[PDB]
Amino acid sequence: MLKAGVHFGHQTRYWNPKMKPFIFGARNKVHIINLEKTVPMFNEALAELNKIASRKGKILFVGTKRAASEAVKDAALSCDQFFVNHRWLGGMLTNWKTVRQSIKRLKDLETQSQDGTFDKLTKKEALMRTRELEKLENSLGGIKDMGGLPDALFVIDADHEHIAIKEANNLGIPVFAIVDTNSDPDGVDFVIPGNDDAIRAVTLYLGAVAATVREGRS
RNA sequence: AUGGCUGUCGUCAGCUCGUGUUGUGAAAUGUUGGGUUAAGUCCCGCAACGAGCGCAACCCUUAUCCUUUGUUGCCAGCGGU
């Protein structure tokens, strides 16, 4: 769907020479991504999603960037999928035997602090007991009811969330990511070259994948 | 040869483990960093996520008030002396 996008480059001072088949050097010292090679690779990753969304699987979206942080949360609860948006805990997939006891710790007191003994200890306990779920809810809020490990994983910037890509390479979770010209397209399975730090571009990329999973649910 | 008990650094703020990761490995990470605290005290950050022993609080005494009780303790207002 070659439309009026914004993704066309992300600096030419350093790049990533493994990102050589997607290069046009503009005279403003700016790399341009060849978009007519993106859309053969963009639609095939969404074609792999209907292979996976028909399995009644769990799609997990990760990307923070401080610009696409809130953009992935509303585009995941637009569907019934899962997200990590504020900060990605190191070892939330490989060490899920311990992180399971943290999302259980959250919903044990999310059960508690809505009805019962949220005010029956002190005020100074309620000064920090409201603080400790508001520490864990913006680290585990999209993942708290998943109850497993995802069978796909969507990254918005590859070298910014390389910790999440590498954990979905130890075990066979197929990660497919919006990579940039400075990112490294080797840990990603279904590489799609695009824009990682533009708002209207990341809503175009994520509005497509949030569309294709709910129409893919037959 | 030891048990039990005790000194000491020193009431010093430290000492570790599980899992995950990194490294061929001894190991490292966590526990470092930016602040803060009497304190590994707390917060923010961060391939770490958690937990344990300490730290703190819980215990006793002292500092204030109230209630109950009024003797062998007490005397403000009352009578005698």
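To convert, take the position in the first sequence, counting from 1, and add 7; that gives the entry's author numbering. Ideal placement from N, C-alpha and C gives every residue a C-beta, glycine not left out.
Check, Outcome
"Report the residue from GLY154, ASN177, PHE183 and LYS114 whose alpha carbon sits nearest the alpha carbon of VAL162.", "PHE183"
"What whole-angstrom Cβ distance do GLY223 and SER61 have, given they're in contact under 8 Å?", "6 Å"
"Could you check which residue in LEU53, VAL46, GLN18 and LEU67 has the C-alpha nearest to that of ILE39?", "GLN18"
"Can you tell me which of the three DSSP states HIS169 falls into?", "helix"
"Tell me which same chain residues have a C-beta within less than 7 Å of the C-beta of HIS93, skipping the five on either side of it?", "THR71, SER76, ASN145 and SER146"
"Measure from the alpha carbon of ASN189 to the alpha carbon of each residue in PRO200, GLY179, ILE180 and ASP196, then state which is nearest.", "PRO200"
"If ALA159 sits next to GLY12, beta carbons under 8 Å apart, how far is it from one beta carbon to the other, in whole angstroms?", "Not really, about 23 Å apart at Cβ, beyond 8 Å."
"Determine the extent of the beta strand (DSSP E) in which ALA184 is found, giving its start and end residues.", "182-186"
"Can you tell me the Cα-Cα spacing of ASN57 and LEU211, whole angstroms?", "19 Å"
"Taking contact to mean 3 or more Cβ pairs, one atom from each stretch, closer than 8 Å, check whether the region 39-52 and the region 191-199 are in contact.", "yes"
"Go through the region 99-162 residue by residue and report every complete run of the alpha helix (DSSP H) that reaches 4 residues or more, in order.", "103-122 and 132-147"
"How many Å lie between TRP95 and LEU67 at the Cα?", "12 Å"
"Roughly how many whole angstroms lie between the Cα atoms of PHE29 and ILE185?", "13 Å"
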